[PDB]
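Here's the structure, in structure tokens; my notes come after.
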Amino acid sequence: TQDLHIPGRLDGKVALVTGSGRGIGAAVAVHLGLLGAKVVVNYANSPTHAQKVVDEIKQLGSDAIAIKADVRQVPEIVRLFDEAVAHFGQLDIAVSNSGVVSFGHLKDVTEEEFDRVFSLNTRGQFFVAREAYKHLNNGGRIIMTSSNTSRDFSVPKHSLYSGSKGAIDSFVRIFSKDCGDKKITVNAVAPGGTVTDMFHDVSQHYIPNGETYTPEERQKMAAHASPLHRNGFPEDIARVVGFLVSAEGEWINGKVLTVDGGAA
Amino acid sequence: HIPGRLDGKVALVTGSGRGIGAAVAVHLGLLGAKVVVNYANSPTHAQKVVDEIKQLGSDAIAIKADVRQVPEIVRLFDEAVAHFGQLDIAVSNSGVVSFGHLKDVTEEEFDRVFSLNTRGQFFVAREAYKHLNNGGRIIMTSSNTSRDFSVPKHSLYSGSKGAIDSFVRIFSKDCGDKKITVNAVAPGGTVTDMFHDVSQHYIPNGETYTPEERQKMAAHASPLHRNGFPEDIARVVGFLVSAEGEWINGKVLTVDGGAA
Amino acid sequence: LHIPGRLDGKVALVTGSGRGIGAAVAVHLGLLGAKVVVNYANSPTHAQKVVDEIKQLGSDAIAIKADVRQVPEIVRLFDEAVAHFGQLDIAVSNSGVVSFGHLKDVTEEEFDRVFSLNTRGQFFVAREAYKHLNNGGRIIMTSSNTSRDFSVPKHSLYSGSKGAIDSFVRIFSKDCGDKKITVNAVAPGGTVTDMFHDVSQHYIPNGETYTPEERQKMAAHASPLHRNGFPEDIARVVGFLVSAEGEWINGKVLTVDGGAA
Amino acid sequence: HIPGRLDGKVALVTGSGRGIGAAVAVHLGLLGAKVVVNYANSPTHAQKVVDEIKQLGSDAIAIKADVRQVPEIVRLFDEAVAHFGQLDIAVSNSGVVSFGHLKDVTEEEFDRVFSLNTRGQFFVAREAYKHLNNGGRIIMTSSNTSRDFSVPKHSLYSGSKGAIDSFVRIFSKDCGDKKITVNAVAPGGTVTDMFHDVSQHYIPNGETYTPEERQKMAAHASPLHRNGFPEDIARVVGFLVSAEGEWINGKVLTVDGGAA
Ligand SMILES: NC(=O)c1ccc[n+]([C@@H]2O[C@H](COP(=O)([O-])OP(=O)(O)OC[C@H]3O[C@@H](n4cnc5c(N)ncnc54)[C@H](OP(=O)(O)O)[C@@H]3O)[C@@H](O)[C@H]2O)c1
Ligand SMILES: NC(=O)c1ccc[n+]([C@@H]2O[C@H](COP(=O)([O-])OP(=O)(O)OC[C@H]3O[C@@H](n4cnc5c(N)ncnc54)[C@H](OP(=O)(O)O)[C@@H]3O)[C@@H](O)[C@H]2O)c1
Ligand SMILES: NC(=O)c1ccc[n+]([C@@H]2O[C@H](COP(=O)([O-])OP(=O)(O)OC[C@H]3O[C@@H](n4cnc5c(N)ncnc54)[C@H](OP(=O)(O)O)[C@@H]3O)[C@@H](O)[C@H]2O)c1
Ligand SMILES: NC(=O)c1ccc[n+]([C@@H]2O[C@H](COP(=O)([O-])OP(=O)(O)OC[C@H]3O[C@@H](n4cnc5c(N)ncnc54)[C@H](OP(=O)(O)O)[C@@H]3O)[C@@H](O)[C@H]2O)c1
Ligand SMILES: Cc1cc(O)c2c(c1)C(=O)c1cc(O)cc(O)c1C2=O
Ligand SMILES: Cc1cc(O)c2c(c1)C(=O)c1cc(O)cc(O)c1C2=O
Ligand SMILES: Cc1cc(O)c2c(c1)C(=O)c1cc(O)cc(O)c1C2=O
Ligand SMILES: Cc1cc(O)c2c(c1)C(=O)c1cc(O)cc(O)c1C2=O
């Protein structure tokens with residue numbers, strides 16, 4: 001009785017999160033800090049935001065650094081991971097989060113748009129996993145980021161993006177087998193509509209007559225997707241990531257968790 | 001509010017005198033919940049789980065109820081709420097395993113399995129919905145045999161759990177009117193007396209090996225080269241029934257260490 | 001000139017083939033050359049119309065009354081089928097009932113009404129099919145796009161009754177391989193039948209506020225092909241699965257809903 | 001109209017000089033389609049397929065196009081329509097396999113696989129949609145490794161095909177504006193040079209055994225105790241691309257004989 005159980009702590013662990021200056025990655029980075037991890041905050045374009053995330057993690061009593069790395073470029077992924085281990089001594093947790101959204105009828109999709117989406121969402125994530133396996137401590141954690149659009153929800157004009165995430169679901173199942181030789185688990189989270197810069201950029205494409213409504217209105221209509229009648233927020237996703245990368249999440253391995261509040 | 005804790009909440013777990021249910025009950029108590037430990041046949045083991053939850057500093061009571069009988073399910077939930085004043089979390093765990101070729105399955109055997117595994121769980125969820133506080137949690141128990149793994153001579157049991165996977169998806173819609181989340185956990189091979197009872201039927205030529213050899217060979221199913229244990233399942237249930245698990249709703253989480 | 005997918009010299013049994021999807025399946029298998037056992041429990045005149053259409057097409061059929069909630073009636077149905085045609089190659093488990101209600105309102109009686117036919121009934125139709133079929137035969141079971149693909153409010157009991165079927169067919173394919181029998185399910189979307197008309201109000205948002213005909217027209221927009229599902233759509237897939245050419249689809253649930261959203 | 005026939009239709013199959021593509025091409029011709037036989041490397045095999053289809057009484061032409069190159073996909077579809085006047089059915093079949101632990105996968109190997117299996121298939125679907133008559137058919141080619149079977153060291157290929165499963169579901173929505181259905185076939189182990197190239201990677205100590213011995217062992221994956229053959233896949237494609245297949249739309253059909 002002299003012990004109150006504190007579940008899911010990451011004290012003594014080092015995490016890296018791709019694209020953690022903003023949106024879901026930021027909330028993952030802060031949540032892992034809150035749980036006791038030291039955090040490598042990665043950005044490509046948003047150093048102002050990355051600084052605020054670093055400051056937020058230091059403020060709640062952990063440590064953090066920001067490292068610029070364009071995760072479309074494999075040489076920059078190698079450097080990101082090399083710099084992470086040089087700075088903190090080790091790496092236990094890698095969360096592949098960076099991504100871009102796209103909308104377009106099949107007939108209008110160009111080579112350039114296909115390559116813009118796959119280079120980050122699919123190829124970038126793959127090589128983030130590759131470098132994570134190669135740098136992680138035994139018993140570590142790899143997380144990849146999919147979407148409820150890969151399998152559960154079928155949105156018109158969303159083929160390119162949906163396919164970029166469907167690849168991820170397949171990678172994590174096989175990666176769990178390969179990464180077993182270091183006792184590293186590999187899982188994905190597949191968020192539903194989560195209120196971020198990305199959400200506001202494209203919510204008109206998910207709502208039936210979306211272009212005809214205001215952003216605030218589209219957010220309210222998205223809140224009725226869930227039988228809980230609220231939006232998904234970045235912290236909702238971060239909480240699941242925190243469970244999977246904890247010691248206690250070990251027996252969830254090679255799985256894609258859909259985190260959408262039960263959306264219809 | 002410590003993240004992941006259940007302080008001030010009340011939980012009920014069917015079949016928590018032993019196996020996975022016992023691990024779930026102790027874990028929810030460890031997280032700060034008061035626990036109703038249901039048993040049908042194992043009163044002594046149930047009291048030991050109660051005494052363990054009290055020793056780690058929470059409260060618990062054992063209530064006898066055969067969850068094949070819907071009137072006993074109603075009475076179990078009525079007595080839970082009467083004792084602790086409220087219920088926030090209901091975990092439907094009780095189940096039985098069965099093996100046999102389609103051609104050999106009797107009406108008696110179909111009824112034995114579906115009455116507990118499927119009908120029983122359905123009416124546990126029904127009484128949970130009716131008794132639970134707003135913002136509460138329902139967990140049902142499936143199996144990685146429902147969808148992920150196709151074992152010969154396992155059709156009755158696999159189908160009994162496949163029904164659960166469908167129930168949770170729709171239950172999340174119905175139960176949203178009380179902001180209750182509904183999920184299932186689908187364990188893989190988890191070391192309990194159920195596991196040891198049928199490990200021969202899951203290992204190729206399993207009758208040919210010893211019980212310890214069957215457990216070692218199951219260990220290699222996971223890329224992590226260990227068996228699943230009741231605690232592994234309990235930890236996932238604990239997360240789902242916490243405030244922090246709210247955005248997992250209407251899902252089946254397969255908890256098998258990445259088994260092949 | 002190659003004629004694919006024929007069933008000449010084969011014998012098929014379809015449960016609940018007097019009306020709706022079952023009737024379309026029975027007529028389709030007859031058109032492809034199978035002799036057909038038309039099962040009914042309550043609709044003898046409907047069943048005789050189906051037998052008459054199959055004979056008109058150039059095949060042979062009989063109607064056999066059997067309530068497939070009752071395992072003894074299932075045993076008799078299969079014994080009578082083999083006694084009459086000499087053999088059985090194809091068993092299609094189709095009989096079902098729909099149900100709607102919030103979890104909180106579902107009674108023991110309604111749970112038992114639905115599972116006894118939809119789940120237990122189908123299970124024992126498969127059992128007696130395995131025991132009576134020729135080597136190299138076919139079992140088809142009927143699921144629903146509501147088991148996994150769509151999640152409809154107040155539809156838990158029915159959706160679960162069909163999710164059990166999906167698990168059964170996967171494991172049945174293993175057990176039934178020792179007679180080279182393949183086992184699959186079809187999972188229809190909204191298919192225009194008596195059942196469809198009975199419950200379309202519960203699938204369409206504020207369905208009670210529209211006519212049965214209006215509800216049908218609204219369901220036609222679920223598919224990107226902008227038409228309803230019909231019994232024939234489902235019969236066509238069952239016909240491919242029970243053909244020689246369908247052999248390499250085994251242990252699968254095929255969702256047949258025209259791509260519905 | 002004869003049930004299941006394609007009289008008066010024109011089909012195009014990528015990679016139809018050999019393997020599964022060749023069986024698809026001959027099967028669509030046997031059913032009454034005129035067939036465009038695409039190859040990139042196998043002109044003499046493509047001509048043998050063309051001569052087979054002419055011999056059974058249909059018409060065919062072989063067209064060289066590397067479907068890694070989107071401008072060559074455009075030209076393939078342009079030349080198909082210019083030759084037969086129309087296109088009704090497009091089967092995206094070309095693919096390559098890859099094995100390697102995640103730690104060993106290069107940029108060059110990722111691009112080799114995704115450029116053909118994922119990007120190439122996507123742009124074949126794009127050009128099919130732009131060239132097809134209303135009421136047409138697109139088929140893409142996945143694998144049972146994308147979802148059903150998790151083979152070690154198979155991540156790059158499995159992911160290449162997992163993208164396909166997502167493409168077909170959304171393509172079915174976009175292509176509905178021309179009443180074109182879009183489906184994938186996901187073969188299991190199917191006896192071709194691809195099968196033989198990696199059957200050692202799907203068997204423990206596989207590198208020991210002979211190729212014929214590995215094929216005999218694979219035949220026991222199915223409860224039907226035979227291998228899958230290209231014809232097994234071609235018959236499913238023939239059904240999906242027929243008038244009678246219309247109500248299967250946006251789906252991935254796993255065609256593996258019930259493999260475990
Ligand atoms: N929001 C949703 O509803 C939703 C739903 C399902 C899935 N997702 C997925 O969840 C993940 C995050 O989404 P979000 O909503 O947070 O997106 P967001 O708000 O758009 O943020 C995108 C993040 O990705 C980073 N990023 C972009 N390009 C990068 C590059 N080349 N290299 C490294 N990092 C890069 C950005 O960093 P910089 O600003 O520094 O470039 C930014 O941190 C994505 O993978 C997305 O596909 C989101
Ligand atoms: N172990 C595995 O590998 C595995 C894998 C997948 C799924 N599961 C599932 O996980 C759940 C628990 O399995 P387990 O391994 O812990 O099995 P177990 O050790 O056999 O325990 C069975 C539990 O069910 C209870 N129970 C049995 N009949 C009951 C009744 N009529 N009313 C109320 N409770 C009843 C038992 O209580 P009494 O002794 O008091 O009867 C006992 O607590 C089951 O639903 C099982 O199907 C287990
Ligand atoms: N229509 C849809 O949208 C849809 C969608 C998905 C799945 N399904 C499923 O497809 C199957 C056929 O549905 P439907 O639309 O054709 O339904 P229906 O129009 O309601 O016809 C029901 C059939 O089931 C027979 N039946 C009922 N009780 C029976 C019993 N005790 N024993 C034997 N047969 C019995 C009926 O024969 P009697 O009249 O002789 O009793 C009748 O032929 C069902 O399993 C249904 O769940 C339908
Ligand atoms: N067990 C299996 O066989 C199996 C299982 C699951 C899925 N699959 C899939 O089924 C499909 C066919 O496989 P298969 O077994 O028949 O393989 P295969 O025997 O190796 O045949 C490969 C085919 O792809 C064509 N191809 C290769 N590169 C090409 C390019 N750049 N442009 C156009 N075409 C090209 C080849 O033509 P050229 O010789 O002219 O280059 C050949 O026709 C593939 O998508 C594969 O992933 C196969
Ligand atoms: C109801 C709804 C509204 C949205 O704005 C999104 C989504 C859902 C959604 O599922 C989604 C998934 C995704 O991978 C990226 C997104 O930007 C999204 C969204 O933006
Ligand atoms: C490799 C292995 C060995 C086993 O004994 C089991 C399993 C797997 C398994 O998946 C399983 C599922 C289940 O629902 C009940 C069980 O008793 C089990 C098992 O017993
Ligand atoms: C849009 C829509 C309208 C309907 O009437 C049904 C359905 C869908 C549907 O999916 C369905 C499934 C089923 O198993 C039985 C039904 O009666 C149905 C339906 O009746
Ligand atoms: C039992 C078995 C043996 C094999 O050789 C293969 C497979 C299965 C298999 O599934 C497979 C899938 C695939 O997409 C490509 C392949 O070359 C294959 C295979 O080669």
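How things are named: the first chain in the structure tokens is A, the next is B, and so on; residues count from 1 in each chain; ligands count from 1 in the order shown.
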
List all protein, DNA and RNA residues that have an atom no more than 8 Å from any atom of ligand 2, counting only C-alpha atoms and all ligand atoms, and report them as a PyMOL selection string.
chain B and resi 14-22+38-43+46+64-69+92-97+116-117+141-145+157+161+186-195+228+230

Could you please select, counting only C-alpha atoms, the residues of chain C within 10 Å of chain A and state them as an NGL selection string?
:C and (148-153 or 224 or 259-261)

Could you write out the selected residues, including C-alpha atoms, as a PDB file, in the first residue's frame?
ATOM      1  CA  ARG C 148     -17.916  -5.715 -40.801  1.00  0.00           C
ATOM      2  CA  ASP C 149     -18.301  -3.034 -43.604  1.00  0.00           C
ATOM      3  CA  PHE C 150     -21.205  -0.859 -42.338  1.00  0.00           C
ATOM      4  CA  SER C 151     -22.136   0.007 -38.769  1.00  0.00           C
ATOM      5  CA  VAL C 152     -25.880   0.882 -38.520  1.00  0.00           C
ATOM      6  CA  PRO C 153     -27.391   2.193 -35.242  1.00  0.00           C
ATOM      7  CA  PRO C 224     -21.334   4.765 -57.080  1.00  0.00           C
ATOM      8  CA  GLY C 259     -19.284  -0.500 -53.926  1.00  0.00           C
ATOM      9  CA  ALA C 260     -21.753   1.049 -51.394  1.00  0.00           C
ATOM     10  CA  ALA C 261     -20.774   3.880 -49.013  1.00  0.00           C
TER      11      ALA C 261
END

Just to confirm, what's the straight-line distance from CA of residue 35 (chain A) to CA of residue 10 (chain A) in Å (one decimal)?
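Separation of CA of residue 35 (chain A) and CA of residue 10 (chain A): 5.5 Å.
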
Let me make sure I understand: among A:196, A:146, A:214, A:203, which one has the smallest atom-to-atom distance to chain D if we use only C-alpha atoms?
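Closest to chain D of all the choices is A:146.
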
Any idea what's packed within 6 Å of region 123-138 of chain B, counting only C-alpha atoms, ignoring anything in its chain fewer than 4 positions away? Could you give it as a PyMOL selection string?
(chain B and resi 87-91+178-182+241) or (chain C and resi 103-104)

May I have the residues from that selection written out with N, CA, C and O atoms, as a PDB file, in the first residue's frame?
ATOM      1  N   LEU B  87     -21.545   2.269 -11.120  1.00  0.00           N
ATOM      2  CA  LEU B  87     -20.635   1.448 -11.963  1.00  0.00           C
ATOM      3  C   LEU B  87     -20.151   2.290 -13.160  1.00  0.00           C
ATOM      4  O   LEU B  87     -20.991   2.959 -13.811  1.00  0.00           O
ATOM      5  N   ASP B  88     -18.842   2.326 -13.417  1.00  0.00           N
ATOM      6  CA  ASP B  88     -18.253   3.096 -14.545  1.00  0.00           C
ATOM      7  C   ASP B  88     -17.719   2.166 -15.651  1.00  0.00           C
ATOM      8  O   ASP B  88     -17.624   2.596 -16.794  1.00  0.00           O
ATOM      9  N   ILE B  89     -17.303   0.950 -15.291  1.00  0.00           N
ATOM     10  CA  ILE B  89     -16.507   0.086 -16.199  1.00  0.00           C
ATOM     11  C   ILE B  89     -17.111  -1.304 -16.111  1.00  0.00           C
ATOM     12  O   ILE B  89     -17.298  -1.803 -14.966  1.00  0.00           O
ATOM     13  N   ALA B  90     -17.448  -1.923 -17.240  1.00  0.00           N
ATOM     14  CA  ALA B  90     -17.892  -3.342 -17.250  1.00  0.00           C
ATOM     15  C   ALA B  90     -17.042  -4.104 -18.267  1.00  0.00           C
ATOM     16  O   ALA B  90     -17.014  -3.695 -19.409  1.00  0.00           O
ATOM     17  N   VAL B  91     -16.356  -5.144 -17.813  1.00  0.00           N
ATOM     18  CA  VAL B  91     -15.504  -6.012 -18.657  1.00  0.00           C
ATOM     19  C   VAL B  91     -16.173  -7.375 -18.732  1.00  0.00           C
ATOM     20  O   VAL B  91     -16.242  -8.086 -17.683  1.00  0.00           O
ATOM     21  N   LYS B 178     -24.896   7.656 -23.979  1.00  0.00           N
ATOM     22  CA  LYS B 178     -24.435   7.872 -22.580  1.00  0.00           C
ATOM     23  C   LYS B 178     -22.940   8.159 -22.559  1.00  0.00           C
ATOM     24  O   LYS B 178     -22.344   8.124 -21.471  1.00  0.00           O
ATOM     25  N   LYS B 179     -22.362   8.440 -23.729  1.00  0.00           N
ATOM     26  CA  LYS B 179     -20.919   8.693 -23.893  1.00  0.00           C
ATOM     27  C   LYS B 179     -20.128   7.505 -23.327  1.00  0.00           C
ATOM     28  O   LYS B 179     -19.020   7.681 -22.838  1.00  0.00           O
ATOM     29  N   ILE B 180     -20.691   6.318 -23.430  1.00  0.00           N
ATOM     30  CA  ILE B 180     -19.958   5.087 -23.060  1.00  0.00           C
ATOM     31  C   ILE B 180     -19.206   4.599 -24.300  1.00  0.00           C
ATOM     32  O   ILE B 180     -19.835   4.484 -25.355  1.00  0.00           O
ATOM     33  N   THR B 181     -17.928   4.268 -24.170  1.00  0.00           N
ATOM     34  CA  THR B 181     -17.140   3.646 -25.275  1.00  0.00           C
ATOM     35  C   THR B 181     -17.293   2.133 -25.148  1.00  0.00           C
ATOM     36  O   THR B 181     -17.494   1.598 -24.034  1.00  0.00           O
ATOM     37  N   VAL B 182     -17.215   1.442 -26.271  1.00  0.00           N
ATOM     38  CA  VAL B 182     -17.347  -0.043 -26.258  1.00  0.00           C
ATOM     39  C   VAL B 182     -16.255  -0.566 -27.153  1.00  0.00           C
ATOM     40  O   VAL B 182     -16.214  -0.176 -28.333  1.00  0.00           O
ATOM     41  N   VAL B 241     -10.022   1.467 -20.651  1.00  0.00           N
ATOM     42  CA  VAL B 241     -11.096   1.909 -19.709  1.00  0.00           C
ATOM     43  C   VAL B 241     -10.679   3.185 -18.963  1.00  0.00           C
ATOM     44  O   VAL B 241     -11.525   3.697 -18.209  1.00  0.00           O
TER      45      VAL B 241
ATOM     46  N   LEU C 103     -29.527  -1.694 -28.223  1.00  0.00           N
ATOM     47  CA  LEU C 103     -29.059  -2.716 -27.249  1.00  0.00           C
ATOM     48  C   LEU C 103     -29.974  -2.807 -26.002  1.00  0.00           C
ATOM     49  O   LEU C 103     -30.367  -3.917 -25.603  1.00  0.00           O
ATOM     50  N   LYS C 104     -30.341  -1.660 -25.434  1.00  0.00           N
ATOM     51  CA  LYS C 104     -31.047  -1.552 -24.128  1.00  0.00           C
ATOM     52  C   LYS C 104     -32.409  -2.233 -24.218  1.00  0.00           C
ATOM     53  O   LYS C 104     -32.909  -2.629 -23.162  1.00  0.00           O
TER      54      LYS C 104
END

Please return as number ranges by chain the residues found within 7 Å of ligand 7, counting only C-alpha atoms and all ligand atoms.
C: 98, 143-146, 188-191, 195-197, 199-201, 203-204, 219, 222

Can you spit out the residues from that selection as a PDB file, in the first residue's frame, using C-alpha atoms?
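Listed below is the output, selection.pdb:
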ATOM      1  CA  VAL C  98     -33.633  -9.055 -39.846  1.00  0.00           C
ATOM      2  CA  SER C 143     -23.629 -12.892 -44.287  1.00  0.00           C
ATOM      3  CA  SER C 144     -24.292  -9.118 -44.598  1.00  0.00           C
ATOM      4  CA  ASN C 145     -22.287  -5.989 -45.316  1.00  0.00           C
ATOM      5  CA  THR C 146     -23.535  -5.048 -41.786  1.00  0.00           C
ATOM      6  CA  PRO C 188     -25.036  -8.561 -49.699  1.00  0.00           C
ATOM      7  CA  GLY C 189     -25.631  -4.829 -49.328  1.00  0.00           C
ATOM      8  CA  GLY C 190     -29.199  -3.445 -49.586  1.00  0.00           C
ATOM      9  CA  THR C 191     -30.931  -5.863 -52.004  1.00  0.00           C
ATOM     10  CA  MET C 195     -36.755  -7.892 -46.062  1.00  0.00           C
ATOM     11  CA  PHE C 196     -35.452  -4.631 -47.684  1.00  0.00           C
ATOM     12  CA  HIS C 197     -38.986  -3.085 -47.641  1.00  0.00           C
ATOM     13  CA  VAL C 199     -36.605  -2.329 -42.616  1.00  0.00           C
ATOM     14  CA  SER C 200     -35.415   0.318 -45.155  1.00  0.00           C
ATOM     15  CA  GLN C 201     -36.758   3.023 -42.717  1.00  0.00           C
ATOM     16  CA  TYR C 203     -31.057   2.223 -42.695  1.00  0.00           C
ATOM     17  CA  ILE C 204     -31.941   5.700 -44.075  1.00  0.00           C
ATOM     18  CA  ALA C 219     -30.693   3.421 -51.150  1.00  0.00           C
ATOM     19  CA  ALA C 222     -25.356   4.176 -51.809  1.00  0.00           C
TER      20      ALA C 222
END

Could you give me, as a PyMOL selection string, the residues within 8 Å of residue 178 (chain A), counting only C-alpha atoms and dropping anything in the same chain fewer than 3 positions from it?
(chain A and resi 174-175+181) or (chain B and resi 223) or (chain D and resi 101-102+152-153)

Considering only C-alpha atoms, extract the chain A residues located within 7 Å of chain D and return them as a list in words.
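Here they are: residues 105, 106, 107, 130, 133, 134, 150, 151, 154, 155, 156, 157, 158, 159, 162, 163, 164, 166, 167, 168, 170, 171, 173, 174, 175, 177 and 178 of chain A.
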
Apply DSSP to the structure's backbone, then extract all residues of region 181-256 of chain C labelled helix (DSSP H, G or I) and return them as JSON, numbers by chain.
{"C": [194, 195, 196, 197, 198, 199, 200, 201, 202, 203, 207, 208, 209, 212, 213, 214, 215, 216, 217, 218, 219, 231, 232, 233, 234, 235, 236, 237, 238, 239, 240, 241, 242, 244, 245, 246]}

Any idea what's packed within 8 Å of residue 27 (chain B), counting only C-alpha atoms, ignoring anything in its chain fewer than 6 positions away? Could you give it as a PyMOL selection string?
chain B and resi 231+234-235+238

Please dump the current selection as a JSON list (two decimals), in the first residue's frame; keep N, CA and C atoms.
[["chain", "number", "residue", "atom", "x", "y", "z"],
["B", 231, "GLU", "N", -1.45, -10.58, -17.63],
["B", 231, "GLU", "CA", -1.08, -9.16, -17.38],
["B", 231, "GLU", "C", -1.00, -8.37, -18.69],
["B", 234, "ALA", "N", -4.49, -7.48, -19.46],
["B", 234, "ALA", "CA", -4.98, -6.57, -18.40],
["B", 234, "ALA", "C", -4.50, -5.15, -18.70],
["B", 235, "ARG", "N", -3.26, -4.97, -19.14],
["B", 235, "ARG", "CA", -2.68, -3.61, -19.35],
["B", 235, "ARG", "C", -3.42, -2.90, -20.48],
["B", 238, "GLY", "N", -6.83, -1.89, -19.20],
["B", 238, "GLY", "CA", -6.67, -0.73, -18.30],
["B", 238, "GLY", "C", -6.60, 0.56, -19.10]]

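Counting only C-alpha atoms, the residue from D:258, D:29, D:204, D:85 that sits nearest to chain B is D:258.
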
If you run DSSP on the backbone here, which positions in region 22-188 of chain B get strand (DSSP E or B)? Please write them as an NGL selection string.
:B and (34-39 or 60-64 or 89-92 or 137-141 or 181-187)

Residue 198 (chain C) surroundings by only C-alpha atoms, 12 Å radius, close-in-sequence under 3 positions cut, as JSON, numbers by chain:
{"C": [97, 98, 99, 100, 190, 191, 192, 193, 194, 195, 201, 202, 203, 207, 208, 211, 212, 213, 215, 216]}

Could you list, as a PyMOL selection string, every residue within 9 Å of residue 82 (chain C), counting only C-alpha atoms and ignoring same-chain residues fewer than 4 positions away?
chain C and resi 11+77-78+86-88+132-133

Å distance separating atom 6 (C, counted along the ligand's line) of ligand 5 from CA of residue 169 (chain A), one decimal place
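Between these atoms lies a distance of 18.8 Å.
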
Rounded to one decimal in Å, what is the spacing between CA of residue 238 (chain C) and atom 47 (O, counted along the ligand's line) of ligand 4?
27.4 Å

Do you know which residues are within 6 Å of ligand 5 using only C-alpha atoms and all ligand atoms? Can you write them as an MDAnalysis selection string?
chainID A and resid 147:149 192:193 198:199 202:203 206 222 225

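Using only C-alpha atoms, the smallest distance between any of D:83, D:214, D:251, D:75 and residue 256 (chain C) comes from D:251.
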
Taking only C-alpha atoms into account, find every residue of chain C that has an atom no more than 6 Å from chain D, and write it out as a VMD selection string.
chain C and resid 174 177 180 224 to 225 233 236 245 248 to 251 256 to 259
